[PDB]
Amino acid sequence: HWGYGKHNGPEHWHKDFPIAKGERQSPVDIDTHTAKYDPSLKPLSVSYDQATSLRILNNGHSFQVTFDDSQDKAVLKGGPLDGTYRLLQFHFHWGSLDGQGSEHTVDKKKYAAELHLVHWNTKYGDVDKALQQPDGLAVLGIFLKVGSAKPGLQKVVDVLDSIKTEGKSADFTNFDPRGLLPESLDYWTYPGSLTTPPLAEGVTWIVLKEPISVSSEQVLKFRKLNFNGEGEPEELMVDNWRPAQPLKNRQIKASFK
Ligand SMILES: [Cl-]
Ligand SMILES: [Zn+2]
């Protein structure tokens with residue numbers, strides 16, 4: 001199966017998913033001195049007050065919290081986006097050490113981890129149809145650095161013991177994703193792709209400039225998860241990140257000066 005190891009990792013993905021070598025792949029390095037301030041972007045609207053979380057799952061490549069996306073309950077609008085994008089799930093990418101783990105980089109800087117909140121465009125009616133459109137998805141990306149604990153992450157951290165191995169899931173209702181956001185909504189944006197197979201070139205990326213800090217204990221708990229299924233040789237779920245891909249003929253825009 002695809003993964004992050006020497007024999008199944010990102011350099012192999014193109015064989016089953018040739019779009020891996022496509023024209024708008026993610027992640028990318030964000031060169032902050034080349035990104036263009038765009039005074040015409042709108043402020044981004046993040047409306048998570050009615051969010052309805054459902055489950056938490058170890059999918060063998062990350063852990064993910066899934067939401068009810070049957071109505072406009074937790075949505076992203078504005079910024080570079082036209083229309084309304086519904087939150088389907090969030091997940092993380094992280095490292096074996098604190099100096100790597102993020103997918104996007106900022107002037108080549110890697111963060112300890114990166115949070116992806118994955119949304120789909122309601123004009124396409126469901127996520128599977130949205131996945132086939134060039135404007136079907138929007139991913140809000142948030143960097144994590146190690147420092148003080150993030151209180152709004154702690155309920156996630158405390159359930160990870162119950163989903164150690166691939167295919168395990170647990171109830172995860174009443175989780176508020178507002179507790180994962182930094183103060184500022186200043187962002188970079190560019191057109192890109194999902195960073196895991198199928199690597200679909202349908203994502204408007206919105207990457208926040210301000211990281212959140214998480215504690216060393218919080219990230220240690222991420223690193224106790226397993227890639228493997230129950231009973232298989234233990235292979236810690238660490239370094240589940242795709243490295244930066246070629247920018248090609250894209251422009252990164254900034255919402256701030
Ligand atoms: Cl394998
Ligand atoms: Zn991701």
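What you see below is based on every heavy atom in this structure, not just the backbone, and it leaves out hydrogens, waters and symmetry mates. Ligands are counted one by one from 1 in listed order, and the atoms in each one are counted from 1 as well. Positions are given from 1 along the sequence.
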Subject >> Heteroatom count (protein N, O or S) under 2.8 Å of the Zn ion (ligand 2) >> reply: 3
**OP:** Decide whether a cation-pi geometry holds between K224 and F222; the criteria are a distance under 6.0 Å from NZ or CZ to the six-membered ring centre and an angle within 45° of the ring axis.
**Re:** no
Original post:
Side chain of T195, backbone of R242: donor and acceptor closer than 3.5 Å?
Top reply: no
Original post:
Going through the distances and angles, do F63 and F92 end up as a ring-ring contact (aromatic ring centres under 6.0 Å, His included)?
Top reply: CA-CA 7 Å; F63 70 88; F92 298 78; 5.2 Å; yes
**OP:** Among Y111, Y190, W188, find the residue that satisfies the side-chain hydrogen bond (donor to acceptor under 3.5 Å, both in side chains) test when tested with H104.
**Re:** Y190
Original post:
Could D29 and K110 be called an ion pair, given the rule that one side-chain N must be under 4.0 Å from one carboxylate O?
Top reply: no
Subject >> Salt bridge flag under 4.0 Å for residues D49 and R178 >> reply: no
